[PDB]
**Student:** 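I'd like to ask you about the structure that follows.
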Amino acid sequence: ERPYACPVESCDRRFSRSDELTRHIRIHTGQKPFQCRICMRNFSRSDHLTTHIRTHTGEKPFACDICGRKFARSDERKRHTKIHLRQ
DNA sequence: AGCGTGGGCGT
DNA sequence: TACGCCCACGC
Ligand SMILES: [Zn+2]
Ligand SMILES: [Zn+2]
Ligand SMILES: [Zn+2]
């Protein structure tokens with residue numbers, strides 16, 4: 001089962017790993033340790049900060065295998081690729 | 001479309 | 001524990 005439960009009285013979510021609960025607590029504490037150097041916006045997660053910066057830089061590492069169109073995030077590419085399916 | 005952001009991991 | 005993938009869900 002999931003032994004790590006959120007100690008917040010209003011929350012009843014559970015987790016299987018320690019660090020996942022630790023990350024979840026930041027939702028309640030509102031902790032946002034990672035800041036964008038460009039627009040000074042704060043983020044709760046380092047990886048989400050990385051993808052956010054691409055909105056400023058215009059970096060798009062992920063290209064569609066079918067047409068070559070580039071995207072800032074991998075899930076953006078995945079959502080796109082399926083449109084080449086014409087049933 | 002553009003993108004915030006939590007969840008579920010693997011390392 | 002932190003780091004950073006994929007993956008979802010949502011607007
Ligand atoms: Zn909670
Ligand atoms: Zn920014
Ligand atoms: Zn394409």
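These values consider heavy atoms only, across backbone and side chains, with no hydrogens, waters or symmetry-generated copies. Throughout, protein chains are lettered first and strands after them, A, B, ... in sequence-line order, and every chain is numbered starting at 1.
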**Student:** In whole Å, what is the span from the CZ atom of A/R45 to the P atom of B/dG7?
**Tutor:** 8 Å

**Student:** May I ask you to evaluate whether A/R2 reaches the phosphate of B/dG8, defined as a side-chain N or O under 4.0 Å from OP1 or OP2?
**Tutor:** yes

**Student:** Measure the distance from CZ on A/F62 to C1' on C/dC7 and round it to the nearest whole Å.
**Tutor:** 13 Å

**Student:** Is A/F71 touching bases, backbone alone, or none of the nucleic acid, heavy atoms closer than 4.0 Å?
**Tutor:** nothing

**Student:** Are any side-chain N or O atoms of A/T50 and backbone N or O atoms of A/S46, one a donor and one an acceptor, separated by less than 3.5 Å?
**Tutor:** yes

**Student:** Tell me the interatomic distance from A/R17, atom CZ, to B/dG10, atom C1', rounded to whole angstroms.
**Tutor:** 7 Å

**Student:** With DNA chain B as reference, determine whether A/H48 or A/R79 sits nearer its 5' end, using the nearest nucleotide of each.
**Tutor:** A/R79

**Student:** Rounded to whole Å, how long is the line connecting atom CG of A/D19 with atom P of B/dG10?
**Tutor:** 12 Å

**Student:** Of all the nucleotides listed (B/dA1, B/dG4, B/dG8), which has the minimum atom distance to the side chain of A/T55?
**Tutor:** B/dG4

**Student:** Are any side-chain N or O atoms of A/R14 and backbone N or O atoms of A/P3, one a donor and one an acceptor, separated by less than 3.5 Å?
**Tutor:** yes

**Student:** Kindly give the heavy-atom pair with the smallest separation between A/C36 and A/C39, and that separation in Å.
**Tutor:** SG-N, 3.5 Å

**Student:** Measuring to OP1 and OP2 of C/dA8, would you say a side-chain N or O of A/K78 lies under 4.0 angstrom away?
**Tutor:** yes

**Student:** When we call it a touch if two heavy atoms are under 4.0 Å apart, what does A/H52 touch: a base, just sugar-phosphate, or nothing?
**Tutor:** sugar-phosphate

**Student:** Locate the shortest heavy-atom distance separating A/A72 from A/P61; write the atom from each residue and the value.
**Tutor:** O-CD, 3.7 Å

**Student:** Ignoring backbone atoms, establish whether A/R26 has a side-chain N or O less than 4.0 Å from OP1 or OP2 of C/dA2.
**Tutor:** yes

**Student:** Spell out, as yes or no, whether a donor-acceptor pair under 3.5 Å connects the side chain of A/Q35 to the backbone of A/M40.
**Tutor:** yes

**Student:** B/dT11 P sits how many Å from A/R23 CZ, rounded?
**Tutor:** 17 Å

**Student:** Between atom CD in A/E76 and atom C1' in B/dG4, what is the gap in whole Å?
**Tutor:** 11 Å

**Student:** Looking only at side-chain atoms of A/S46, point me to the closest of C/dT1, B/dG2, C/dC3.
**Tutor:** C/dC3

**Student:** Once you round it to whole Å, what is the distance between P of B/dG7 and CG of A/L21?
**Tutor:** 10 Å

**Student:** Nearest whole angstrom, please: distance from the P of B/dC9 to the CG of A/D47.
**Tutor:** 16 Å

**Student:** Are OP1 or OP2 of B/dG6 and a side-chain N or O of A/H24 less than 4.0 angstrom apart?
**Tutor:** no

**Student:** A/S44 side chain N/O closer than 4.0 Å to the phosphate oxygens (OP1, OP2) of B/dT5?
**Tutor:** no

**Student:** Going by modelled atom types, is there a donor-acceptor pair between the base of B/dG2 and the side chain of A/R54 at under 3.5 Å?
**Tutor:** no

**Student:** Whether A/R41 contacts B/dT5 is assessed here as follows: a side-chain N or O lying under 4.0 Å from the phosphate OP1 or OP2. Is that the case?
**Tutor:** yes

